[PDB]
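# below: the sequence, then the experimentally determined structure.
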Amino acid sequence: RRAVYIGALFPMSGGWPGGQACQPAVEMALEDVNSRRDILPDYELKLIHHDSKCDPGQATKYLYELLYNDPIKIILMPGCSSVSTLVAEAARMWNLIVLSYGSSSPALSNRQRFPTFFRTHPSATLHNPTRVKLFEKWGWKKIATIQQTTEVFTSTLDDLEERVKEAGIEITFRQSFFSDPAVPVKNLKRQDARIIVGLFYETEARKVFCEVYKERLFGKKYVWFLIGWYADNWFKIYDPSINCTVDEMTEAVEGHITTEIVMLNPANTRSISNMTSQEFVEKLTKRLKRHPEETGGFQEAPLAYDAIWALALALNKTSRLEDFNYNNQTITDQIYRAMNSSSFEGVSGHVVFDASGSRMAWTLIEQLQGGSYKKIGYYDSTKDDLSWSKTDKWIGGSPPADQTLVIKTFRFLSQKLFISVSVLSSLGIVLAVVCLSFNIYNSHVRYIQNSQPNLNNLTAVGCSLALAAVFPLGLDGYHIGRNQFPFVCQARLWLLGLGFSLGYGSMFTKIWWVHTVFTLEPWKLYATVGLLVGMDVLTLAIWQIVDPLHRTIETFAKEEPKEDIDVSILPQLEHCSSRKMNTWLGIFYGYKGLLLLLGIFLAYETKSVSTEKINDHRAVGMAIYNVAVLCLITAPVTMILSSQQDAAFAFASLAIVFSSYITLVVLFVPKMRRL
Amino acid sequence: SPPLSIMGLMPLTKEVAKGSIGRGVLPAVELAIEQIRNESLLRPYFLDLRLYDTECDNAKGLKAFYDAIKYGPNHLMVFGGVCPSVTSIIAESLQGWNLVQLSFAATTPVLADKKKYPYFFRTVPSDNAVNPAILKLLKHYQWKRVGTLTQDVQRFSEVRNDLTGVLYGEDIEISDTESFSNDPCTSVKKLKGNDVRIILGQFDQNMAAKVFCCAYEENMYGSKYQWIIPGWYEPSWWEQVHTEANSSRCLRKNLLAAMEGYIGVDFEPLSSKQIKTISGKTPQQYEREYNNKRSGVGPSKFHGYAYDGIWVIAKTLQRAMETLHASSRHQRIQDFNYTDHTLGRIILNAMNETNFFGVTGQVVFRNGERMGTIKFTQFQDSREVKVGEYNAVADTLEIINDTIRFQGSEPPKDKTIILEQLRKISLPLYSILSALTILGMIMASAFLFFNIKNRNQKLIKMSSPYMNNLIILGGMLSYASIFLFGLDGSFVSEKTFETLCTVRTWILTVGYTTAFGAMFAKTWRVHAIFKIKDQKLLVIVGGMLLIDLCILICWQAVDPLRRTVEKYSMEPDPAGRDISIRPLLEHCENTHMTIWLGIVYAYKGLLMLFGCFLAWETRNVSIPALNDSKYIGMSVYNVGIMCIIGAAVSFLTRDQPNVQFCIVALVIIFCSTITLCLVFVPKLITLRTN
Ligand SMILES: *[C@@H]1O[C@H](CO)[C@@H](O[C@@H]2O[C@H](CO)[C@@H](O[C@@H]3O[C@H](CO)[C@@H](O)[C@H](O)[C@@H]3O)[C@H](O)[C@H]2NC(C)=O)[C@H](O)[C@H]1NC(C)=O
Ligand SMILES: *[C@@H]1O[C@H](CO)[C@@H](O[C@@H]2O[C@H](CO)[C@@H](O)[C@H](O)[C@H]2NC(C)=O)[C@H](O)[C@H]1NC(C)=O
Ligand SMILES: *[C@@H]1O[C@H](CO)[C@@H](O[C@@H]2O[C@H](CO)[C@@H](O)[C@H](O)[C@H]2NC(C)=O)[C@H](O)[C@H]1NC(C)=O
Ligand SMILES: *[C@@H]1O[C@H](CO)[C@@H](O[C@@H]2O[C@H](CO)[C@@H](O)[C@H](O)[C@H]2NC(C)=O)[C@H](O)[C@H]1NC(C)=O
Ligand SMILES: *[C@@H]1O[C@H](CO)[C@@H](O[C@@H]2O[C@H](CO)[C@@H](O)[C@H](O)[C@H]2NC(C)=O)[C@H](O)[C@H]1NC(C)=O
Ligand SMILES: *[C@@H]1O[C@H](CO)[C@@H](O)[C@H](O)[C@H]1NC(C)=O
Ligand SMILES: *[C@@H]1O[C@H](CO)[C@@H](O)[C@H](O)[C@H]1NC(C)=O
Ligand SMILES: CP(=O)(O)CCCN
């Protein structure tokens, strides 16, 4: 039989040692293809393998060695991505065919630059339909990346940032380094990101995790995304090129998320080589020497096993290959046309390398807990299948987030300060009405000798409606303050406008008469008093129906609650006010205060006698002086104090209660005196 | 004369876009060999230069490289390479045959890692020779708050990574660090929100029009900012990249006034000065000879940095060739089958040291990189002008003065001004309250005149002279307290401020004591009525005042209740320009404000409550005209209420310094006038009756 030759590069060390599991596997394939008499009746295949570490220097040297040695070769079988790209770019001047098996760069899909390139490894954009899904379950919108500046990761990051634009999520911070990552990690710590996705090699993984330990960028509020085809114990080896220790990585890599792609048919079929899948697994694990858990590149063996069978079937399809030069075209195009139209079934399911890539479907997701690997859940891309298993263990049983801020309205002491005021009002509100009743039924000669009780019923009704005004004053957003809050403040204002004006007028008209008499009564003064109070009623109703007080929120307080949660509280307080208040309230209080000063002037201008009507003038003068001074002292304070947590309510309530008490006692002392 | 040949790779044809550059440097080397050929430093040998073609393509370049290796004589070094990919592909795989590569136009920063480029030298300052010069310029203008805006390519990330290591150690901090891919001015909006004023940019030529127009909408121009941009763009690059078949989203005349006076940083092609260089002629001689040397090929800007590199190569080979051995050394330099590692080492180690004055100044290396010269340019009247220079061995920066200018009349500032301000009392209020208190003092003087006038009159009831005199003396002494309260830091200059607050407390306590004594004289009568000494009641009120005053004076002798000051940084623009002002206010406190003040306030409250109990009990003891037990009662109830109000008010209004002074002043003045009038004026009306 004649003999043909193939060229192969097997990486056995460096950033991705795969050849240690890949060199025997190809060596398990030739002995099976050279034993079946169907596919090759008069030819043998031989292999020329060389180590490269996928470094471009040794790769260039051995490529020069292969292209200018004896005998003449037919195909090349590259390794890692930097050499696959170099051979695919350089092979256009010799008319060869490049068939890779471990490269997953998306930029190798551009057929304009790479005409004679084929691969069995799937594209690396298959992680992007997955990650967005894990971004919608936990609800995030701000992420950050860090990468090693090779185009294999730049194009994948470009595709992810292109396809994340439709789900609303947006990148915020980008970093880069070529060989020394200390300054990007320092800047990332100083910028304080929380969700980080890493794209770098294994040795740089160690040289960044000991420096993320040296910058304390881990713990409870940091999430790390990594790649999945690393070794199982890629941190438990001794490396003299670092200064970090093993427990400073054992505490550093706890709680990161890894994603990988499945690569083996889980079913039970019959392949093209009459062999199931776990028997293949058993034979491969027997041929090796170390354990399959730490042997590098163990997952990618059936791809190379089908990568040989596909070319074997192709070489049966062509079937004059002994005078093949490096400058004749008719064979390269003949084999190309035979390879473009090939599809069959092998070990990794159906093998159809003729597409735009993307012939696998599923992925696989894992997390690290306690120094052990755990499988979270599978995924399918087409039918949106998501076989969850509910085993993810966060800190505190819940994943972190970025940072938020809550909005909080203020309240006050809804029990201690309010129920006491309520019972204190209820103690007097009933005494008021029973003294009014005593004024009612006492049709008595001597009471007729005293003043006419209509002006005392006016004062009593005024003080009763004023007393019954703490309940609209104490209520807030705790119970009712949702929609009819403007009506609660309206109730306040109506009660306030009535209950003060009525009693003050009912005293003021008596003091008016007792002034003007001294130095007709049954109808003159009552009607002009009624007119004056109806005037006062009109004033409130004018700018209560044209420019009312609905609601107003005021926010002052700052950030930083400084509790155990990073959340930030923003306190506010709502109260009833119009667009303009400091004019109307001022003018009404001054116009009323002038009337109060006029009343005290009229009380001062004669205190001496009383005759034939009533003689209550000393008591009513003292009571009205007391009420006047108390109101004049209390009222301009609550306009000044805006912190109405415990001052402005308490002052007004004390004023109201003291005024009501004094009014009651002054009004219904002489009845007990005369009886 | 056996020859020795060196390889060269450069584009040659005219069908490419970057061929003339090669066709720009071919005459220059064509001079230098003849200059050697006129002196023949290699006397027993002969120099040979082989030229090939790459067209900056990997397949053709690698094929030509392999063919030159396979079908060529023994080569020694490789010189050339202009396309930024095939150069890196060669240099990363140069160690297998032990050769050294010399480039003159590759200014990409990735060739600075000598961990995978051991055999690569260049004679041109790369983009990392810009970072020192700029820092020193900052030390000429004191700019410290700076912001960077970079793209995301390799060379624009290497420069941003190098800036931290260069700018480490000095007192300059990088405020922001942004990076965009297609939309720049979302981070331009972040820089606007962060309020930066000096911008250092790293982006290519295409993104500049978009950045300056959307950066023009946000108003980051005028006489308030300064941009530092790389300057290797071709001339007049903006009159045509802005057209770009329409590029309507920003117009021309609203951009030429936006990109005004940015600073461009580049290197310098030739030397301005004149000494005798290594050839034996002036730079002017070589420039005239080059300018009349070429026939029709257009000029380039890199023929000088390679014309000296060839002479560098000749001198290194001459300094490496003549070691101690001769016969074996000529056998060793003609047996080169690309395997002699020692020959490679003696070449690298002899090329490593070199020091002479070439045509671009001194040619000295540092870790492979040449120490060179940096040129600064500024943009005026749609044209670029040279403004400076930066040496590297002398580490000086020369500015061509009488040329540079700025849009305002001074260099801009890094940040706005922080101004601290005190909150003062309104002077009309202080004048009015002082005049009212002075009028009350004069009224008190009149009252004392009346008290002294009829001091010996039988109609004066001949009862309680000393107690009324003591009451009115306490009131006169208390009015000086509200005279003394309203001080200010501008009128004390921190000379007596540490004493006035605690003598305010002195005078205040004296007033309290005299108040309580005139309070207690009534209750003494009521205690007598509810059932030996000439001055013992006066003695006992003095004893009470003395014991509680030494309690205070010693407590405060121990207590250095002194001045403090807090601030509230919420600085808005009041004047409207830019000075941010914050308020700060002073105090006079102590580390035990609760114990001592709480004790004295509680004891004054207890005295007030005892007076309230006495006023509640007594309403009518049938006192003759010698006593006035009702006015005193009215006074004590109006005093107790006024005091417990003014107390709760002064403890509450802390954030409003212009209402608590007017409050304490009104409560004191009003209380004292009402008390004095209620005490005095019934006797005044009696004297008016006479
Ligand atoms: C690998 O290929 C061999 C064939 O070369 C497979 O063995 C075959 O197994 C089938 C059953 O799956 C046998 O069928 C049986 O045939 C016998 C008579 O030969 C009959 O008595 C039974 O009732 C049944 O029909 C078949 O004979 C046998 N082939 C030979 C040559 O004996 C083997 O299953 C293949 N392995 C895998 C993993 O697919
Ligand atoms: C990084 O590693 C170097 C070793 O090259 C450290 O230097 C050693 O420091 C220890 C003290 O921790 C000494 O006992 C050794 O004798 C040192 N050896 C040498 C060769 O210097 C260096 O301290 C480490 N630095 C950091 C920051 O980890
Ligand atoms: C690929 O291999 C198969 C099996 O060896 C070839 O199949 C042909 O099978 C028929 C079955 O009756 C035989 O008569 C033919 O003689 C077989 N061909 C040959 C060349 O022997 C098939 O032809 C091969 N494909 C090619 C040669 O393109
Ligand atoms: C090489 O194979 C590709 C496969 O993608 C061919 O592209 C066509 O792809 C479409 C996809 O729907 C198919 O419908 C066509 O049948 C494919 N054409 C052929 C001839 O198979 C491409 O044409 C092939 N041939 C080349 C590039 O010469
Ligand atoms: C190449 O030359 C440089 C400069 O001569 C050497 O750098 C060292 O520089 C310091 C600074 O003056 C000197 O004190 C040292 O003596 C120099 N080291 C020497 C001359 O060995 C550099 O080390 C040289 N590199 C090699 C490989 O010889
Ligand atoms: C856009 O096209 C119109 C049509 O000719 C032209 O008038 C206009 O100048 C163009 N805009 C710019 C900025 O050149
Ligand atoms: C430099 O500028 C100053 C202006 O302050 C000028 O007085 C001086 O002459 C200049 N020196 C030059 C142009 O050499
Ligand atoms: C970057 P690469 O796809 O060539 C290595 C893939 C390892 N599973």
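That came through, no problem. Numbers count the residues shown, from 1 in each chain, chains lettered A, B, ... in the order given. Ligands and ions are numbered 1, 2, ... in the order given.

# quick check: phi and psi on the closest residue to residue B:108 other than its chain neighbours?
Excluding the flanking residues, the one nearest residue B:108 by CB to CB, 6 or more residues apart in numbering or on different chains is residue B:84, at 5.0 Å. C-betas here are computed from N, CA, C, even on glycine. Dihedral pair for residue B:84: phi -70, psi 10, per degrees, to the nearest 10.

# distance between the ends of stretch B:527-540?
The straight-line separation of the ends of stretch B:527-540 (CA to CA, to the nearest Å) is 15 Å.

# again, but for stretch A:137-154
In stretch A:137-154, first residue to last residue: 26 Å (CA to CA).

# equivalent analysis for stretch B:255-275, please.
Termini of stretch B:255-275 sit 45 Å apart (CA to CA).

# quick check, residue A:555 in contact with residue A:572.
Yes. Residue A:555 sits in contact with residue A:572 when judged by CB atoms under 8 Å, with a separation of 4.3 Å.

# of these two, which one has the most company?
Between residue A:555 and residue A:572, counting by other CB atoms under 10 Å in any protein chain shown, residue A:572 is the more crowded of the two (13 against 10).

# element containing that one, please.
Residue A:572 belongs to strand A:568-575 when assigned by DSSP states H and E.

# one more: residue B:149?
Per DSSP H and E: strand B:145-150 holds residue B:149.

# touching chain A at all, that strand?
No. For strand B:145-150, no contact with chain A is found by CB under 8 Å from any CB of the partner chain; the gap never falls below 9.6 Å.

# whatever residue of the stretch 151-300 of chain A ends up closest to ligand 6: what secondary structure?
The nearest approach of the stretch 151-300 of chain A to ligand 6 comes at residue A:165, 28.6 Å away (CB to the nearest ligand atom). Here residue A:165 is coil, with the state taken from DSSP: H, G, I helix; E, B strand; the rest coil.

# run a quick neighbour tally on the closest residue in space to residue B:519 that isn't next to it in sequence.
Nearest non-adjacent residue to residue B:519, counting by CB to CB, 6+ apart: residue B:611, 4.8 Å away. A total of 22 residues lie near residue B:611 under the criterion other CB under 10 Å.

# check residue A:253 too.
18.

# can you give me the distance of it to residue A:417?
Distance, residue A:253 to residue A:417, by CB to CB, to the nearest Å: 56 Å.

# which residues touch residue 102?
Reading this off chain A. Shown in contact with residue A:102 (CB atoms under 8 Å, 6 or more residues apart in numbering or on different chains): A:16, A:18, A:79, A:80, A:81, A:84, A:121, A:297, A:300, A:303.

# correction: the question concerned chain B.
For residue B:102, the contact set (CB under 8 Å, 6+ apart) comprises B:77, B:78, B:79, B:80, B:121, B:122, B:123, B:309, B:313.

# pick the one among those closest to residue A:444.
residue B:122 (122.5 Å; CB to CB).

# how near is that closest one to residue B:50?
Distance from residue B:122 to residue B:50, by CB to CB: 21 Å.

# ok, the two, which is more surrounded?
residue B:122 (24 against 13).

# skipping adjacent residues, who's closest to that one in space?
Computed as CB to CB, 6+ apart, the closest residue to residue B:122 that is not its neighbour in sequence is residue B:103, at 4.8 Å.

# need the phi and psi values for that neighbour.
Dihedral pair for residue B:103: phi -110, psi 160, per degrees, to the nearest 10.

# burial of it, as a residue count?
Residues lying near residue B:103 (other CB under 10 Å) number 23.

# in terms of contact, does it touch residue B:83 like I think?
No. The pair residue B:103 / residue B:83 is not scored as a contact, 10.6 Å apart, by CB under 8 Å.

# mind telling me what element residue A:499 is part of?
helix A:485-516.

# and the next element down the chain from that helix?
Remark: after helix A:485-516, the chain's next helix or strand is helix A:524-545, criterion DSSP H and E.

# and that next one, what does it pack onto?
helix A:485-516 (3 or more CB pairs under 8 Å, 6 or more residues apart in numbering or on different chains; DSSP states H and E).

# helix or strand right after the helix or strand hosting the residue nearest to residue B:519?
Assigned by DSSP H and E, residue B:611 falls within helix B:595-617. Beyond helix B:595-617 in the direction of the C-terminus, DSSP H and E gives the next helix or strand as helix B:631-652.

# gap between the closest residue in space to residue A:671 that isn't next to it in sequence and residue A:502?
With sequence-adjacent residues excluded and distances taken as CB to CB, 6+ apart, residue A:671 is closest to residue A:438, at 7.0 Å. Counting by CB to CB, the gap from residue A:438 to residue A:502 is 20 Å.

# before we move on, what about residue B:437?
To residue A:502, residue B:437 is 41 Å away according to CB to CB.

# how about residue B:246?
The gap separating residue B:246 from residue A:502 is 79 Å, by CB to CB.

# neighbour count for the two, which is higher?
Ranked by neighbour count (other CB under 10 Å), residue B:246 and residue A:502 place residue A:502 first, with 20 against 6.

# quick check: closest non-adjacent residue to that one.
Here the residue nearest residue A:502, using CB to CB, 6+ apart, is residue A:462, at 3.1 Å.

# and residue B:382, how many neighbours?
11.

# which strand or helix spans the closest residue in space to it that isn't next to it in sequence?
Excluding the flanking residues, the one nearest residue B:382 by CB to CB, 6+ apart is residue B:256, at 6.6 Å. In this structure, residue B:256 sits in neither a helix nor a strand according to DSSP H and E.

# likewise the one 5 residues further on?
Of the helices and strands defined by DSSP H and E, none includes residue B:261.

# kindly report the same for residue B:550.
helix B:536-558.

# from the contact counts, what lies against that helix?
Looks like helix B:536-558 contacts helix B:465-485, helix B:497-529, helix B:595-617 (3+ CB pairs under 8 Å, 6+ apart).

# how much does the helix or strand that that helix is followed by deviate in direction from helix B:497-529?
Tracing the chain past helix B:536-558, the next element assigned as helix or strand by DSSP H and E is strand B:562-567. Angle of strand B:562-567 versus helix B:497-529, following axes from the mean of the first three to the mean of the last three CA atoms, to 10 degrees, is 110 degrees.

# mind listing what strand B:562-567 pairs with, with the direction of each?
strand B:580-589 (antiparallel) (DSSP bridges).

# show me which residues of chain B sit near ligand 5.
Counting by CB under 6 Å from any ligand atom, chain B comes close to ligand 5 at B:349, B:352, B:353.

# contacts for stretch B:224-233?
Under the criterion CB under 8 Å, 6+ apart, residues B:127, B:130, B:134, B:197-202, B:205, B:208, B:259, B:261-266, B:377, B:384, B:412 lie in contact with stretch B:224-233.

# now the buried members of those.
In the contacts of stretch B:224-233, burial by neighbour count holds for B:127, B:130, B:134, B:197-202, B:208, B:259, B:261-266, B:377, B:384, B:412, counting by 16 or more other CB atoms under 10 Å in any protein chain shown.

# which ones among the residues you listed lie within helices?
Residues of the buried ones among the contacts of stretch B:224-233 located in helices (DSSP state H): B:134, B:208.
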